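Below are the chains, spelled out letter by letter.
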Amino acid sequence: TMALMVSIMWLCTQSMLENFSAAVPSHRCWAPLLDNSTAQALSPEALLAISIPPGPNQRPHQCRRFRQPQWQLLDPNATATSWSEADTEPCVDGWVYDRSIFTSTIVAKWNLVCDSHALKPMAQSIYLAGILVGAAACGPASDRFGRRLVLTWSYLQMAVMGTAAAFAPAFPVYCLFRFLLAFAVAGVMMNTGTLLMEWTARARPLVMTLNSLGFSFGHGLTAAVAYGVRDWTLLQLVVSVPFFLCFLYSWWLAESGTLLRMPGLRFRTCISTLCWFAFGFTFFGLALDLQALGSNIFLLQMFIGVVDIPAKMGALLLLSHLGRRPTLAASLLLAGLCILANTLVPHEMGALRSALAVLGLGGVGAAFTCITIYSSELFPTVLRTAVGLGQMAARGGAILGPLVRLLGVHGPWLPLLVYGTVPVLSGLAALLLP
Ligand SMILES: O=c1[nH]c(=O)c2[nH]c(=O)[nH]c2[nH]1
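Thresholds, definitions, all that
- Residues numbered from 1 in each chain as written, not as in the entry; some residues may be left out.
- Heavy atoms only, no water.
- Residues with missing side-chain atoms left out of burial classes, pairs and counts.
- UniProt positions renumbered as here; feature names shortened; annotations may be inferred.
- Core = buried A, V, L, I, M, F, W, Y, C linked by side-chain atoms within 4.5 Å.
- Buried < 20%, exposed > 50% of the residue type's maximum accessible area, 1.4 Å probe, protein only.
- Helix = DSSP H or I, 4+ residues; strand = E, 2+ residues; numbered from the N terminus.
- Domains from an automatic or database assignment.
- Salt bridge = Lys/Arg side-chain N within 4 Å of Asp/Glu carboxyl O.
- Contact = heavy atoms within 4.5 Å.
- Axes fitted to C-alpha atoms, helices over the stretch in contact; angles between N-to-C directions.
- Parallel < 35°, antiparallel > 145°, perpendicular 65-115°, else oblique.
- Left-handed = near helix turned anticlockwise from the far one by under 90°.
- Nonpolar A, V, L, I, M, F, W, Y, C, P; charged D, E, K, R; others polar.
- Near = heavy atom within 4 Å.
- Areas by Shrake-Rupley, 256 points an atom, 1.4 Å probe, with all protein chains shown as cover.

As deposited, the entry is annotated with cryo-EM as its determination method and 3.32 Å as its resolution.

As named in the PDB entry, the chain is Solute carrier family 22 member 12, taken from Homo sapiens. Per the PDB record, the entry is named "Human URAT1 bound with Uric acid". UniProt's Subcellular location comment on the chain is quoted here verbatim: "Apical cell membrane".

Structure (structure tokens):
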């Protein structure tokens, strides 16, 4: 059990790595008055103000630059914002990034900025699509080639794709490498889950809670690892290297039907699929943009893990001491209300915002535990593949999760508004379960 726990722990730091590898630093247009020693100087902040027009949040524009240094806005006797927008350039000479927090990221290497800001959520969507494809293809592969052969193949693919993406020279090559890595990640996830549930199980909820707690420890692991390197290349390298060593376990150290959904329990099937879709949506939408949910990313991830562990412990305790429907409804309602308060609290209260975000990210994990336990009891053994269809719909919702972040252009509250309104409807639907 410890081996598979360490495996899923590294799986967590290989899957949620997009939080740190795709983190966006403060960026702006390349300017000859600021990035060239020939004309660099008066106060530097005044140079930044007169060389780049003010953008959103009263900060310098993330992508804009004046044609000439506008001295007309430096003197206080003249009103601000008097410049015309016709004299602006959309970073015609390149971009610059603040290396104070992160020394190198995929956003700073391939210029994932305003003109192509959709690429990072598109990258997460491609990663989740690779997850879906791997989960859909691991079935026949594991059923034909064996349960350990597919494990070894997934480990080898993970290691190869990790060491390849660590040195990706282009964005499409990196996207393909991440697609294959997500394929292998989903394959090994399904293999670990089935190997645990078939061999370790009466204690099925205990083993499931242990596996998901190892996954939660993966969050603290990825936080502690990203706090050290802060370089996406070295990060990917040191995160993908242990799989090639775990591949030594090959051969144990060298040998020492959803068609019945309509005639069956239609209500249970649709409600379970809705709850799984909601879990996937909310989790893979919130667990990939922690930079906007709090003030510090590493501390946020550490708190997320150190609250998810006891939150999951209490969720298991309440599921053992009470029915699965009331605990699931309560967890879903709590997560929804927490995310709604998180998108409703003003941005200045960063500590309270981060606390609400951690509470919601613990509540969604508790709801995942409840739906995982309830999938094995909602349907008889003849219909129990219901859990497979549920997990597939969860992956499908996790695919569309990051795509909602594209709606941030209309408003920064709308993605979080959706991520808070979805669990409310999920709980209201689960409240009707028999
Ligand atoms: O404990 C889990 N956390 C997840 O984020 C996740 N995603 C998935 O597909 N299965 C699981 N299991």
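And the narrative resumes.
Draft legend 1. Looking closely at the nonpolar core. Ranked by internal contacts, the top residues of the largest apolar core, which has 64 residues, are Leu128, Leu293, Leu328 and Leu361. For this core, the element with the most residues is helix α15 (residues 350–378), which contributes 11 residues. Lining this core are residues from two domains, each supplying at least three of them: domain 2 (114–224 + 233–256) and domain 3 (257–434). Core analysis: the next-biggest nonpolar cluster, separate from the first, contains 13 residues, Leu34, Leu47, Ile50 and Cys91 among them.

Draft legend 2. Up close: the pattern of salt bridges. Within this structure, the stated rule accounts for eight salt bridges. Shared partners join several salt bridges into a network, and the residues in it are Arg65, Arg67, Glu89 and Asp93.

Draft legend 3. Quick look at the environment of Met9. On the secondary structure map, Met9 appears in helix α1 (residues 2–15). Note on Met9: relative accessible area 19%, which makes it buried. If near-sequence neighbours (up to four positions away) are discounted, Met9 is found in contact with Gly214, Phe217, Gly218 and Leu221.

Draft legend 4. Geometry of the packing of helix α5 (residues 119–145) against helix α16 (residues 386–400). Put simply, α5 and α16 touch, their axes get as near as 8 Å, and they point 165° apart. Accordingly, the angle class assigned to the pair α5 and α16 is roughly antiparallel. Two packed elements cross with a definite hand, and for α5 against α16 that hand is left-handed. On α16, the residues touching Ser125, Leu128, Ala129, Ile131, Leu132 and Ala135 of α5 are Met392, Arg395, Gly396, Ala398 and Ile399. Tallied by class, residues from the contact of α5 with α16 come to eight nonpolar, two polar and one charged.

Draft legend 5. Up close: the site of the ligand. Lining the immediate environment of the ligand, one finds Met189, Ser212, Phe215, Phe283, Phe284, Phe368 and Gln391. Its free accessible area being 300 Å², the ligand has 88% of it covered by the protein chains. Elements that contribute at least two residues to the shell around the ligand include exactly α8 (204–226) and α11 (266–286). Of the residues contributing to the shell around the ligand, the split by class is five nonpolar, two polar and no charged.

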